[PDB]
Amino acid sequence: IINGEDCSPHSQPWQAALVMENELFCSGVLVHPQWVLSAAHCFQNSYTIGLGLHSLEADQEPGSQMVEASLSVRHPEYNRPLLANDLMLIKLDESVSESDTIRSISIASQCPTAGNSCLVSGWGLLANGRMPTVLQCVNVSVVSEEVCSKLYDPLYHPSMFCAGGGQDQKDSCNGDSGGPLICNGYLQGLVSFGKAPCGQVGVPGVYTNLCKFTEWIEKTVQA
């Protein structure tokens, strides 16, 4: 997160951390007791998801649960066109129990509205190019479709949307991929990509436009 601040511990209970050998590489959103939503470009053969965290130090966070999973379903059209449909559902081995610091969030069924201010959180790089010790939070506003599509032509696709890009230099960044973007308490998008460096004025970040994959997310999680 660029130019944000330490989130209020456990203020985003749907936040899922994805760690590899021993480091964080992505995030996900608990959209169901046994399913974590994330960016297709975060696919692995097996994940080590951390729920209920705030600091990466799992054994320092109470209600925290380091579950495991291996069945991941990337969206059929991911990366066709280049970079598009960047979402993926990861099915957790053992379903988790919604605790005090671990709750799932629902996906917005309506589409981003320009100007609307939202929040995004993650453990990605900071304004100083450094990784944070706790989960970061920042607000960015939805940018209009016109500006988005022209700014990111010809890579822009309807499965994406822009947010931020303001003068305040608030934005996501590397390590926040698959992170959540909440709008009025709904999961509006996932941290997907954007120009580098991050936090450039006039250059918003791109997020997966979840409002567009409700039916798929459903047919998958359920059936």
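We call the rigid core whatever largest set of C-alpha positions still superposes within 1.5 Å between the two forms. Note that residue numbering begins at 1 and tracks the sequence as displayed.
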165-173 against 60-68 - segment lying farther from this form in 7 other deposited structures of this protein (CA RMS, rigid core fit) | 60-68
Comparing 87-95 with 108-116, the higher average Cα temperature factor in the PDB entry belongs to 87-95
Would you determine, from the values in the PDB entry, which of 138-146 and 120-128 has the greater average C-alpha temperature factor?
-> 120-128
Looking at 159, 45, 27, 192, which has the biggest Cα B factor in the entry?
-> 45
Sort 58, 182, 155, 39 by C-alpha B-factor from the entry and give me just the highest.
-> 58
By its CA B factor, does residue 13 count among the lowest, middle or highest third of the modelled residues in the chain?
-> highest
Record-listed C-alpha B factor of residue 73: chain third = middle
Select lowest, middle or highest to describe the third in which the CA B-factor of residue 188 falls within its chain in this entry.
-> lowest
By the record's CA B-factor, is residue 166 among the lowest, middle or highest third of residues in the chain?
-> lowest
Taking the entry's C-alpha B-factors for this chain, is residue 174 in the lowest, middle or highest third?
-> middle
